[PDB]
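# A structural walkthrough
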Amino acid sequence: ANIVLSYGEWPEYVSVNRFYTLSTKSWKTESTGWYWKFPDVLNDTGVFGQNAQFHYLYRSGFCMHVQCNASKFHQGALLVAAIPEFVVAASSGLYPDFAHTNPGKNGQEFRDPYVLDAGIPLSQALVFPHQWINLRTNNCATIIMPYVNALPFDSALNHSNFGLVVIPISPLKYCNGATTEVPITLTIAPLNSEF
Amino acid sequence: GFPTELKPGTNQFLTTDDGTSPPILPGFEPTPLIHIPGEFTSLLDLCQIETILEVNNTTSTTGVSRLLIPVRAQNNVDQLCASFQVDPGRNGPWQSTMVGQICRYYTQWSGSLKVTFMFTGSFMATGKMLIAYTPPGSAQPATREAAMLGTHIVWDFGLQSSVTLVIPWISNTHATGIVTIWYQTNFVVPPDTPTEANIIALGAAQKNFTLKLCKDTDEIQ
Amino acid sequence: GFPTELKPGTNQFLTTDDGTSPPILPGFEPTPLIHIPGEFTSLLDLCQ
Amino acid sequence: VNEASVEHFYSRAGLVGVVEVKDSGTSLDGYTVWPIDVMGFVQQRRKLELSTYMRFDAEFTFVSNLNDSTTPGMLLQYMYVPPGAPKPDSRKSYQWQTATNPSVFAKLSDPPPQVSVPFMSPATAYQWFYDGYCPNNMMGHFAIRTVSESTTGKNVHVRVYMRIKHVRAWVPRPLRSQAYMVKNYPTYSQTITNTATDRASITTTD
Amino acid sequence: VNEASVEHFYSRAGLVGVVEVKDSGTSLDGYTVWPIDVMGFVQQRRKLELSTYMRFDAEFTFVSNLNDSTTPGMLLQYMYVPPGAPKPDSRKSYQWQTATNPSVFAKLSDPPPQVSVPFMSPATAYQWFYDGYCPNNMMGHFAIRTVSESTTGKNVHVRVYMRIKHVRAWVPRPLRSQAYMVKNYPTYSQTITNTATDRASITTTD
Amino acid sequence: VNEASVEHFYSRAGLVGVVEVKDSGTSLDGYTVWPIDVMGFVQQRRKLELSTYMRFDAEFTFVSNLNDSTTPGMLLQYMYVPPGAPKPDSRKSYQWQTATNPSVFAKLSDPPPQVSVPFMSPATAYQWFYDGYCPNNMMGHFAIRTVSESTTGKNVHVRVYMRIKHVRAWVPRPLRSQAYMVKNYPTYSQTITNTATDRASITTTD
């Protein structure tokens with residue numbers, strides 16, 4: 001399909017290289033968005049969680065796919081973005097708690113989508129390797145992501161390389177009789193991993 | 001050689017100057033460089049990325065709702081829907097895009113632009129629309145029968161999902177164009193389907209674009 | 001040549017600098033060198 | 001064009017801070033320290049945060065003067081301490097004489113001193129945003145002393161200018177629309193302000 | 001010959017204006033601005049209006065002195081602002097520290113400062129006469145400040161000299177016989193004066 | 001690497017001693033002598049005693065100042081006497097005018113004087129330890145005089161910096177763990193101190 005390769009370069013260096021299907025999220029008329037830190041989303045699941053928590057050093061690339069499941073009588077549009085070094089700020093104790101900074105595999109719901117919860121206009125969050133989802137055109141999106149870092153071979157339990165963000169620009173709406181929540185599904189597949 | 005005489009300009013410090021200074025830590029060696037994937041060298045190529053434009057800048061609208069254009073069905077066939085100017089550097093709709101925030105660090109610019117529209121409605125919705133551009137130094141059209149004469153493009157969102165237009169050439173400094181959206185045909189809908197939709201503006205620049213003078217910006221934080 | 005203008009950094013003394021200084025005893029000659037057996041040149045090889 | 005370059009975008013000198021050593025009145029001391037930074041002003045913050053990773057060199061210039069634009073011939077000392085080293089704590093402490101803290105000597109009536117400093121970092125680039133878990137990118141300090149035995153009674157005002165060379169930026173990010181509140185942290189106020197000016201209607205113009 | 005050239009006709013230095021910054025008496029301020037011009041004197045006007053279109057570069061020299069030909073060692077600052085930019089409005093305003101307004105620092109007892117400025121115009125040449133529908137050919141300004149905290153009480157007198165290089169003139173026109181009245185406009189008086197001296201008769205001579 | 005070298009280990013400038021010539025109060029004299037050394041400070045002693053035989057050259061710099069960081073224009077004289085020669089003994093003795101004691105003249109308000117001295121030794125290298133049977137390695141002296149007829153009443157403070165070039169070290173030896181007590185002799189105190197910090201047990205750690 002219409003796969004996008006971030007920055008045009010692949011990472012380029014059985015049991016721990018397989019598809020991991022995450023929890024499904026429900027989309028409603030009122031909704032802000034969700035995000036996931038990506039060096040940790042899998043730090044509690046499968047073999048990958050075990051060898052990441054044991055070994056000191058880590059490096060890897062990733063491939064992500066987002067799927068929708070709606071009908072021809074629904075309407076909406078989403079945006080999927082990947083942000084290297086996504087730091088989350090706190091509005092006015094100058095210290096966000098652990099939950100927002102390091103959410104589990106289920107992610108955290110956005111509080112203020114307009115400023116991207118970091119004072120970022122969100123009208124410019126397209127320089128990042130993004131993609132669009134329109135409920136009348138298609139229902140899929142794929143993204144490749146190499147291993148960006150300043151110092152090679154960093155930690156996996158004390159660092160966050162990047163984050164993935166999904167935001168509804170246009171609001172969901174429908175007519176009477178239709179299901180009141182389209183589901184969304186996310187999958188991951190580690191590629192060229194090292195320890 | 002030895003017979004030298006000094007000349008005016010001696011012992012002055014000029015901020016906009018480059019020369020030679022001795023190192024303070026001779027023999028030190030820095031960390032070797034490696035290959036970080038992304039790299040931007042030219043500042044001008046950041047204006048080619050298409051960002052979203054804010055045309056709903058009207059009081060009593062806040063949040064993320066200031067980014068969409070509402071289109072209805074009960075509206076008549078011949079009337080205006082929306083309009084905005086072209087000036088990137090000036091205040092207004094072009095303040096929420098990377099072209100109109102990087103043109104505040106310079107004074108003179110010239111070239112062509114690019115605007116892309118996108119429709120987000122139900123699959124079984126059909127209709128037509130009209131988009132026009134009035135050249136610089138004229139009057140805004142009052143009827144669609146007058147906007148039909150100049151430069152325009154028809155759009156049927158029931159058969160296409162996105163359309164694009166290109167401005168020929170603009171050049172401002174420090175009266176500059178206008179674009180309008182008109183209705184042509186109403187909005188048709190089958191039973192048990194919503195009667196609302198939205199549009200996105202998606203402004204951007206072109207390959208012929210130059211900046212000619214450096215100055216500090218004014219929109220502080 | 002003759003048309004020269006001085007630049008910032010003049011008349012300063014930097015400790016971590018090397019340059020040229022005139023000799024104070026011109027014409028003097030030192031004792032010739034001979035071969036003392038042991039010789040360490042690199043400081044890093046004392047850790048082995 | 002050449003003017004629309006990363007090389008020319010960051011290639012200028014400019015003030016980064018003012019330092020005054022006071023030896024009169026209620027305060028009678030001869031030394032003053034200053035932690036070197038690159039993001040002490042808002043405008044340079046918004047221009048340096050268009051990227052995430054950077055690597056460059058720095059050149060520093062010192063202009064010093066009395067309180068009435070007069071330039072007598074008293075001597076002064078400028079010393080730079082690398083990161084991970086004790087800093088002076090008195091007018092005539094022991095640290096003022098060490099062979100590894102590069103120091104320079106100049107008079108008050110002379111062309112301004114000018115020095116250069118290499119790229120000091122244990123990584124391959126500087127980071128303004130760090131998602132992992134008093135400037136963050138430590139570079140050093142500058143201790144300024146007037147060489148004298150007893151007090152002098154005259155205050156000195158010092159400004160400093162920095163030029164950066166051989167810039168390299170890698171990944172971009174959008175600019176900032178919210179007001180700055182705290183240093184080293186992106187915390188923002190609770191009254192979100194719209195990025196664009198307002199208009200009476202979507203079908204009106206001037 | 002070489003002496004009867006356009007190149008040698010305009011190639012000389014000369015005064016263009018005098019500026020005094022006053023910090024004593026009823027006026028206690030530290031700054032003064034001056035709009036740069038090329039036609040502030042009558043003689044240079046009549047020599048620059050032999051043509052209509054011109055293109056050149058400029059070099060500026062500054063000589064500064066007290067009121068009794070004395071040269072102490074107080075510091076001074078010269079700043080140039082390009083067209084289309086705010087100008088300072090106070091002794092210690094914010095505009096005195098900007099990285100894009102090229103400024104220079106020099107002392108009062110030193111060889112005179114000397115700087116050069118390129119050809120600044122949005123057209124292909126300057127125009128002294130414009131038939132279409134506060135100098136007309138805007139080029140910039142010069143703000144001069146004495147770096148001090150409080151007042152000084154001493155006035156400063158400054159002169160400025162300009163040299164022009166690489167001249168190019170295109171279309172000529174006759175000279176001026178009427179007296180100048182207003183700047184930027186060719187308005188002339190109502191008493192027309194004859195261009196030639198008078199004579200008793202057409203058949204007489206000395 | 002280049003940084004872990006004998007060449008870079010010893011290649012730095014640094015203070016070796018301070019000298020003050022006093023001509024006020026109970027002491028009214030114009031001259032002061034200083035026996036040049038290389039091991040007047042503890043840190044340089046422990047760094048120069050990692051070897052036994054060495055050979056190098058030396059460069060000396062002089063910084064001089066009043067007691068209030070002021071630099072008037074009085075004249076001064078610096079003279080170096082080679083080993084095996086009488087030294088001055090009065091403000092205006094005969095030894096101040098000899099053609100074989102290299103002397104230099106400089107003012108108090110000028111860039112610091114800088115001179116170089118060759119490798120002065122009757123052997124092929126210097127020895128810090130001599131098993132056979134007032135520095136040991138005699139090199140010379142420095143006499144400093146203010147050229148004047150009568151007294152002046154103003155004291156002068158002088159510091160001196162030394163750089164060494166073309167180093168050569170031959171045989172190494174371990175460092176020092178005991179406190180220094182006397183110069184030119186390795187005598188140590190009677191309370192032997194352990195080289196390593198203490199621990200509660202051989203099976204405990206933090």
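Look up a bit, the structure's there.
Before going into details, it helps to say that this report is about the structure given with it. (Residues numbered from 1 in each chain as written, not as in the entry; some residues may be left out. Chains lettered and ligands numbered in written order. Part of a larger assembly, values for the part shown. Heavy atoms only, no water.)

Right, let's talk about the overall build of chain C for a bit. Within chain C, the secondary structure is distributed over 0 helices and 2 strands. Each principal axis of the C-alpha atoms in chain C carries an extent, and together these give about 55 × 35 × 20 Å. Scored against the burial criterion, the 48 residues of chain C give a buried share of 19%. Carbon and sulfur atoms make up 60% of the accessible area of chain C, which totals about 3,600 Å². (Helix = DSSP H or I, 4+ residues; strand = E, 2+ residues; numbered from the N terminus. Buried < 20%, exposed > 50% of the residue type's maximum accessible area, 1.4 Å probe, protein only. Areas by Shrake-Rupley, 256 points an atom, 1.4 Å probe, with all protein chains shown as cover.)

What follows covers the sheet that holds strand β11 (residues 141-145) of chain D. Strand order in the open sheet formed by 5 strands is β2(C)-β8(D)-β7(D)-β11(D)-β4(D), with antiparallel pairing between adjacent strands. Edge positions in the sheet fall to β2 (13-14) of chain C together with β4 (31-35) of chain D, since each has one partner strand and no second. Pairing analysis gives 5 bridges linking β4 of chain D to β11 of chain D, with the strands arranged antiparallel. Bridge pairing in β11 of chain D places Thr32 of chain D opposite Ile144 of chain D. (Pairing = 2+ DSSP bridges.)

On to the arrangement of the chains, then. Comparison of the 10 pairs of chains in contact shows the highest number of contacts for chains B and D. Between chain A and chain E there is no contact, and the shortest C-alpha to C-alpha distance separating them is 26 Å. A gap remains between chain C and chain E, with no contact made and the closest C-alpha atoms lying 10 Å from each other. (Contact = heavy atoms within 4.5 Å.)

Another aspect to go through is the pattern of salt bridges. Under the definition given, this model contains 16 salt bridges over all chains. Note that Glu49 of chain E is salt-bridged to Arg45 of chain E, the shortest N-O span being 3.4 Å. The pair formed by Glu49 of chain E and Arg45 of chain E is uniform in burial state, with each residue classed as buried. Through salt bridges that share partners, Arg104, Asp218 and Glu219 of chain B make up one connected network. (Salt bridge = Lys/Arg side-chain N within 4 Å of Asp/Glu carboxyl O.)

Now for empty space enclosed by the protein. Gaps left between atoms show up when a probe the size of a water molecule is rolled over them. Of the pockets and cavities examined, the largest cavity occupies roughly 350 Å³. Looking at the largest cavity, it is lined by 20 residues, and the ones nearest its centre are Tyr10, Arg12, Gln44, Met162 and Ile164 of chain D. (1 Å grid on protein atoms, 1.4 Å probe; cavity = no way out; pocket = protein on both sides within 12 Å on 5 of 7 lines; lining within 4 Å. Points joined across faces, edges and corners; volume = space filled by probe spheres on them.)

Strand pairing in a sheet relies on backbone hydrogen bonds. The paired strands run either parallel or antiparallel. An order of β2(B)-β8(E)-β7(E)-β11(E)-β4(E) is seen for the 5 strands of this open sheet, with the pairing classed as antiparallel. With one partner strand each, in any of the chains shown, β2 (13-14) of chain B together with β4 (31-35) of chain E form the two edges of the open sheet. As defined by bridge partners, strand β7 (residues 75-81) of chain E adjoins strand β8 (residues 103-107) of chain E across 5 bridges and the pair is classed as antiparallel. Considered in β8 of chain E, the bridge of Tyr78 of chain E is made with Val104 of chain E.

Moving on to the packing of aromatic side chains. One pass over the structure, following the stated rule, counts 42 aromatic pairs over all chains. A centroid spacing of 5.4 Å and a plane angle of 50° characterise the contact between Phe56 of chain D and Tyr126 of chain D, whose relative ring orientation is tilted. Here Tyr126 of chain D lies in strand β10 (residues 126-127) and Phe56 of chain D lies in the loop between β5 (53-54) and β6 (57-65), a separation of 70 residues in the sequence. An identical accessibility class is assigned to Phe56 of chain D and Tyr126 of chain D; each is buried. An aromatic cluster of three or more residues is present, and its members are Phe60, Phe62, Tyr78, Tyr80 and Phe142 of chain D. Taking NZ or CZ as reference, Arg18 of chain A lies 5.2 Å from the ring centre of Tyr20 of chain A, over its face. For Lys47 of chain F, the ring lying beneath its charged end belongs to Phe9 of chain F, and the centroid distance is 5.2 Å. (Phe/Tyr/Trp six-rings, centres within 6.5 Å; stacked < 30°, edge-to-face > 60°. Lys NZ or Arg CZ within 6 Å of the ring centre and 35° of its normal.)

As for its position among the elements, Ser123 of chain A is in the loop between β7 (108-109) and β8 (131-134). Exposure remark for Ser123 of chain A: the relative accessible area of 2% places this residue in the buried category. The contact partners of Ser123 of chain A, leaving out residues within four places of it in the chain, are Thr51, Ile52, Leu67 and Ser96 of chain B.

Further remarks concern the nonpolar core. Ranked by size, the top nonpolar core spans 85 residues in total, and within it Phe117 and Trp155 of chain B together with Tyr10 and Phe60 of chain D carry the most contacts. Formed by 36 residues, the second largest nonpolar core is a distinct cluster that contains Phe40 of chain C together with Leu48, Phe60 and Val115 of chain F. (Core = buried A, V, L, I, M, F, W, Y, C linked by side-chain atoms within 4.5 Å.)

Quick look at the environment of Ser116 of chain D now. Inspection of the secondary structure assignment puts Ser116 of chain D in strand β9 (residues 114-117). With 67 residues separating them along the chain, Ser116 of chain D and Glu49 of chain D place their C-alpha atoms 24 Å apart. Other than its neighbours up to four places away in sequence, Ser116 of chain D contacts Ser21, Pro22, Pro23 and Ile24 of chain B together with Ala58 and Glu59 of chain D.

Attention now goes to the interface of chain F and chain C. Contact with chain F, which involves 33 residues of that partner, is made by 24 residues of chain C. Regarding the contact of chain F and chain C, the summed buried area is about 2,600 Å², with carbon and sulfur atoms giving 68% of it. Area buried by chain F at its contact with chain C is led by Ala4, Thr124 and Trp170 of chain F, which between them contribute 21% of it. At the junction of chain F and chain C, the tally comes to 0 salt bridges. Remark: the boundary between chain F and chain C carries 10 residue pairs in polar contact. Contributions of two or more residues to the side of chain F that touches chain C are made by α1 (6-9), β6 (57-65), β9 (114-117) and β12 (156-165) of chain F. A total of 4 residues in the side of chain F that touches chain C trace back to one element, the largest contributor, which is β9 of chain F. Of the residues in the side of chain F that touches chain C, the class split is 22 nonpolar, 7 polar and 4 charged. (Buried area = accessible area lost by both parts, 1.4 Å probe. Polar contact = N/O pair within 3.5 Å; in protein donor to acceptor, adjacent residues only side chain to side chain. Nonpolar A, V, L, I, M, F, W, Y, C, P; charged D, E, K, R; others polar.)

Residues and elements named next belong to chain E. Within the fold, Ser177 resides in the segment after β12 (156-165). Judged by its relative accessible area of 45%, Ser177 falls in the partly exposed class. In contact with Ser177, other than residues within four places in its own chain, are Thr193 and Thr195.

Each side of the interface is counted separately: chain B has 56 residues, and chain D has 60 residues. At the boundary of chain B with chain D, total buried surface from both sides reaches about 5,100 Å², with 60% on carbon and sulfur atoms. It is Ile24, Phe40 and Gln221 of chain B that lose the most area in chain B upon contact with chain D, and together they represent 15% of the buried surface on that side. Our count for the chain B to chain D interface comes out at 0 salt bridges. Those elements that provide at least two residues to the side of chain B that touches chain D are β4 (80-84), α1 (99-102) and β12 (203-211) of chain B. The biggest single contributor to the side of chain B that touches chain D is β4 of chain B, with 4 residues. Split by residue class, the side of chain B that touches chain D holds 28 nonpolar, 20 polar and 8 charged.

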